[PDB]
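Chemist: Provided hereafter are the protein sequence and its experimental coordinates.
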Amino acid sequence: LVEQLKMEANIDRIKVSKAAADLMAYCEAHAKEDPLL
Amino acid sequence: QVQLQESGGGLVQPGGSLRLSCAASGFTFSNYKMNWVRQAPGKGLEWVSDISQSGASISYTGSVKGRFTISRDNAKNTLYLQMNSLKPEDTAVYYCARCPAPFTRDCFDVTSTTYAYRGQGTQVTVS
Amino acid sequence: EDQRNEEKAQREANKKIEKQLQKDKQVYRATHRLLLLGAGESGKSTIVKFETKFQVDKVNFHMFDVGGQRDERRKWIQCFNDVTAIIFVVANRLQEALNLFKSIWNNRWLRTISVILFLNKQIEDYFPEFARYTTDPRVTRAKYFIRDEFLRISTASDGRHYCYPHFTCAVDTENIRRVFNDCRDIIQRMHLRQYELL
Amino acid sequence: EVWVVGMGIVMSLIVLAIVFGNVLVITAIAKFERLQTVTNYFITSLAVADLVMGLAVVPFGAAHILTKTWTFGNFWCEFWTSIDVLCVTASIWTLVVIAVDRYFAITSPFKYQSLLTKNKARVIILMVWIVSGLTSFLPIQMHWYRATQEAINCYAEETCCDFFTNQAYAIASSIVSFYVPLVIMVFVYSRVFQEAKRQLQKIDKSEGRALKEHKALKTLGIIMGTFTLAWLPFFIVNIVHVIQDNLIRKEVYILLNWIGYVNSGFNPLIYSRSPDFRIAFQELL
Amino acid sequence: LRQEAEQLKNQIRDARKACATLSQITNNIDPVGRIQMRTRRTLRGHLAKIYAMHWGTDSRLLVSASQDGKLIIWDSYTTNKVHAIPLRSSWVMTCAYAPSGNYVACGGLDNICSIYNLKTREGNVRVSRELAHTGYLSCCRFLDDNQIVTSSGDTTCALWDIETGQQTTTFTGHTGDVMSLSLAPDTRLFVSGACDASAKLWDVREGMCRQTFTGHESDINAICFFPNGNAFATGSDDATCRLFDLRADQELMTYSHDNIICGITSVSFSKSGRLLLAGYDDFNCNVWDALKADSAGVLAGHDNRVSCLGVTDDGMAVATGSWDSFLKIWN
Ligand SMILES: COc1ccc(C[C@@H](C)NC[C@H](O)c2ccc(O)c(NC=O)c2)cc1
């Protein structure tokens, strides 16, 4: 349990300002091919 | 993450009085039906109390009628099990369990192990 | 034009499966299922009777069993909501059974199932109301008090499903008719209460 | 004048009731994809067998009272009389088949869901609309009712809309339209009440902790009385008017034919009394 | 040791709060507007509650599974029962369809997952290799035509290998039921829901967690995976869908409408990840915007429940198999 907490806390964590931008841009670029919208 | 801790407890001679608490945070408390559960050291889990989600429909087990008194607090996020007039056979670890679903009228919580809404549980014994 | 042969090739499969399903439904709607939770029977399903079929008066029953299953019951019990009668073999000890029964009753998907019941076990320190209740009585008091508690749990929800408490502790020879005759009543009442006639 | 202005509204509200209380039973079944069951095809056979009654017969059998003489002719006054006695027999035998349905579903509960299928609830209906036709449409075309004798003056002659049957047709029409269904729908409901008074006595042998034992009676009332009381006097006036004669007036033979043509407007307010229907009745209008 | 665990967990919480909602970023972007869709075909063929349907990879077929003791390989262009595979395990809690349209999976309360071969050469469709877990088996998926990653109620996801029928790897560490699981499109790592509000991600190769999560108030019924791989949604029993993320160890938005209190039963995205479907318990099927959460168009068609949901691999036709034996292929 503690080993898992450590081995999960010692990794990288990108910022929301960078992750939400990618999440937004992927949908904004695939909305064209998306026919159900 | 949901957090269900306790307080109080210890070692008291018969006829004593304990008032256990339970710190519930992480989830909205106003709509989850709670209940306490004690485990006799050397025995499987048992049942002691429960409560509805408005302090209305309090229930109890058989041999713990009248003695204790359970009461929630839908603003401070606590659950208090006031204990009165203990006995020789009231020594056990006391967990502040819960029930799985919101807006429910049922419980499936007194289990052998592997339950994720059931706190560590303080110890209360009698001398 | 060559695309006009697969049409018939597919429609023949269609018209063969719509001839096998209309012959399997006539054996699906002639067998009523069951359930045997609360405890493994070993006295009412293995010696007297994970399916375990049987037959009484040209009707068959898929008496299921959950003995090999786990303890947390909130996930594999919500997919039994179409069964007709949840048989319930039962013998603190009794308070656990009572708190299982109240939950099976007030559940939302098992709401309209008529819980049959079985007191296979056929006290005052764990029950203080034993002295302030009155219906050798050394067995009748206990038996009828347990049954009265179960029925006081069952008669507080309605009228769509009733508990049918029985008693059995002997060799249980005719312990199958007590399920057949008492599963007929569930269909009778399920029709009556629907025709606004009861 | 009021004898020509009352019967223009009292005999039109009935028309509106017939035509409007059953569109709500035809659409609320042909639309919802969850009512189309074995015991809700019967009720559609019961709603069509009064939609016709209120669309073809009654609006004509009202102007026939206003004018007091036929207008269309004979190739229509020999088809109208043949459609009416068909509609009535159909809308009674639908009640008898629903009654035998319920009776079997309650006195043989293990077999009504298995031995009565969606492909077997069309033989029944297209046998009822044949036991109605064979006794109310052909014996009129092949003229087995001509009443062979005072109708020779107008009825056969010209433009005289007046029913005149004989002592062999107006008897085997009643004994087939209202005295088999009556006996059958009395022996059915006796045996259904004898069980609704036992599954309300086995309840109070374990639980219960003329109050509610009189709910298995109010519904038998509003289902069976509203039919017997409405179709009995006409089908005793027929038998009496046949055996005796001149003891009954047309001003009574025509009031019974409207104390009867509303039991076919009450049926979508009696047999559509299940919560499924009572909920589906909302989205329609 | 428990105090040290609490300290480590406080450190993780501090880190995840320091590294921190997408609404404040996408608040002026153009919305999608109202949208509704109607039942193009009604696959009325079943005779019990339909509990799952893995919409095939062909974007044409689909395998629906029901407790009646049947497994009917439907079609979605002319609505014909291409096959009718009977099962020996009368209950079925999941079905799975190979990506090459070459296999199917089943298995429920009887603890046993099974494999039926449909592209046979001798007539009857026979069970290829039934493999066996102590507990029910509430999901099945396919990586290739011979690798299945089942869930269980045994609390242990367990990757299998159908050839010689062994557990190549075995995952554990939940302490609670494991309801649903997804798979990344590149098929390298897969989330796995559970009954502890624990959307613990895993790694297919090694066999240990990578970056777990816990952000719900009740058990998780069904999970999804964003079309690219850098996100994944999740439904729970408290009427909430929560767009998590697996690059920032936290969530990015919570989907919740005060008008409804029920339990999600299955989720799936669209192609562009813009419309987040959901199968509720008050008989409807909401649709949620990607980064502009609001119940846009309710696809209320069913009459008992919504037991699963699916979307074509090119985003063409949703299909929700409810509890009253009738699928419905929306469009
Ligand atoms: C003289 O003025 C009139 C005008 C119209 C009618 C309608 C009558 C034929 N309805 C008959 C009724 O609808 C019905 C129903 C069932 C039956 O078996 C029979 N049989 C009659 O001989 C008759 C009657 C009298």
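Modeler: Right, received. Where do you want to start? Numbering: from 1, shown residues only, chains lettered A, B, ... in the order given.
Chemist: what strand or helix carries residue 12?
Modeler: All of this refers to chain A. Per DSSP states H and E: residue A:12 is located in neither a helix nor a strand.
Chemist: actually it's chain D I care about, not the one you picked
Modeler: According to DSSP H and E, residue D:12 maps onto helix D:10-20.
Chemist: that helix near the ligand at all?
Modeler: No: using C-beta under 6 Å from any ligand atom, helix D:10-20 stays clear of the ligand, with a minimum separation of 13.1 Å. Just so you know, the C-beta spots here come from the backbone N, C-alpha and C atoms, and that holds for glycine as well.
Chemist: what is that helix packed up against?
Modeler: The contact analysis (3 or more C-beta pairs under 8 Å, 6 or more residues apart in numbering or on different chains; DSSP states H and E) places helix D:10-20 against helix D:38-52, helix D:58-67.
Chemist: mind saving the C-alpha coords of the shortest one as PDB?
Modeler: If I follow you right, that is helix D:58-67. The C-alpha coordinates for helix D:58-67 follow below in PDB (Å, rounded to 0.1, in the frame of the first residue of the first chain):
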ATOM      1  CA  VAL D  58     -75.800   5.300 -34.600                       C
ATOM      2  CA  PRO D  59     -75.400   8.500 -36.700                       C
ATOM      3  CA  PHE D  60     -77.800   6.700 -39.200                       C
ATOM      4  CA  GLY D  61     -80.200   5.300 -36.600                       C
ATOM      5  CA  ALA D  62     -80.500   8.900 -35.300                       C
ATOM      6  CA  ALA D  63     -81.400  10.600 -38.500                       C
ATOM      7  CA  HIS D  64     -83.800   7.700 -39.000                       C
ATOM      8  CA  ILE D  65     -85.600   8.900 -35.900                       C
ATOM      9  CA  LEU D  66     -85.400  12.500 -36.900                       C
ATOM     10  CA  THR D  67     -86.900  11.900 -40.400                       C
END
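Chemist: residues of the helix holding residue D:12 that come out buried?
Modeler: Going by neighbour count (16 or more other C-beta atoms under 10 Å in any protein chain shown), the buried part of helix D:10-20 is D:11, D:14-15, D:17-19.
Chemist: next, the buried residues of the lengthiest helix in chain A.
Modeler: Secondary structure of chain A per DSSP state H: the longest helix is helix A:16-30. Buried residues in helix A:16-30, counting neighbours by 16+ other C-beta under 10 Å, are found at A:16, A:19-20, A:23-24, A:26-28, A:30.
Chemist: tell me the contacts of the residue most central in space within chain C?
Modeler: Centroid check for chain C by C-alpha atoms, centre = their mean gives residue C:86 as the closest residue, at 1.5 Å. Residue C:86 sits next to C:34-35, C:37, C:80, C:104, C:110, C:113-116 when contact means C-beta atoms under 8 Å, 6 or more residues apart in numbering or on different chains.
Chemist: with residue C:21 instead?
Modeler: E:45, E:47, E:70, E:81, E:84.
Chemist: same deal with residue E:66?
Modeler: Contacts of residue E:66 (C-beta under 8 Å, 6+ apart): E:46-51, E:72, E:92, E:325.
Chemist: for it, phi and psi?
Modeler: phi -140, psi 160 (degrees, to the nearest 10).
Chemist: ok so, going back, and which of the contacts of residue E:66 is nearest chain D?
Modeler: Nearest to chain D, judged by C-beta to the nearest C-beta, of the contacts of residue E:66 is residue E:325 at 10.9 Å.
Chemist: is it true that that closest one touches residue E:42?
Modeler: No: taking contacts as C-beta atoms under 8 Å, residue E:325 lies outside contact range of residue E:42: 11.1 Å.
Chemist: the two - which one has more neighbours?
Modeler: Neighbour comparison, residue E:325 and residue E:42: the larger count goes to residue E:325, with 19 against 13 (by other C-beta atoms under 10 Å in any protein chain shown).
Chemist: excluding residues flanking it in the chain, which one is nearest that one?
Modeler: Excluding its sequence neighbours, the residue lying closest to residue E:325 (C-beta to C-beta, 6 or more residues apart in numbering or on different chains) is residue E:46, at 3.7 Å.
Chemist: sorry, back to before: check which helices and strands the helix or strand just after the helix holding residue D:12 sits against.
Modeler: Using DSSP H and E, the helix or strand that directly follows helix D:10-20 along the chain is helix D:23-30. With contacts taken as 3+ C-beta pairs under 8 Å, 6+ apart, helix D:23-30 sits against helix D:38-52, helix D:275-280.
Chemist: list the buried residues in helix D:23-30.
Modeler: Buried residues in helix D:23-30 (16+ other C-beta under 10 Å): D:24-25, D:28-29.
Chemist: show me the contact partners of that helix.
Modeler: Applying C-beta under 8 Å, 6+ apart, the contact partners of helix D:23-30 are D:35-36, D:40, D:43-44, D:47-48, D:51, D:268, D:272, D:277, D:280-281, D:284-285.
Chemist: just the buried ones from those, in PyMOL syntax?
Modeler: Entered in PyMOL, the line below selects the buried ones among the contacts of helix D:23-30, by 16+ other C-beta under 10 Å:
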select buried, chain D and resi 35+40+43+44+47+48+51+268+272+277+280
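Chemist: filtering the contacts of helix D:23-30 by proximity to the ligand, which remain?
Modeler: Applying C-beta under 6 Å from any ligand atom to the contacts of helix D:23-30, none is adjacent to the ligand.
Chemist: point me to the residue of chain C nearest the ligand.
Modeler: Ranked by C-beta to the nearest ligand atom, the top residue of chain C for proximity to the ligand is residue C:195, at 27.9 Å.
Chemist: so that residue touches residue D:99, yeah?
Modeler: No: Residue C:195 lies out of contact with residue D:99 (C-beta under 8 Å); the separation is 11.1 Å.
Chemist: those two: which has the busier surroundings?
Modeler: Comparing residue C:195 with residue D:99 by other C-beta under 10 Å, the one with more neighbours is residue D:99, at 21 against 18.
Chemist: what residues of the helix or strand containing that one count as buried?
Modeler: Assigned by DSSP H and E, residue D:99 belongs to helix D:77-107. Neighbour-count burial for helix D:77-107 flags D:77, D:80-99, D:101-103, D:105-106 (criterion: 16+ other C-beta under 10 Å).
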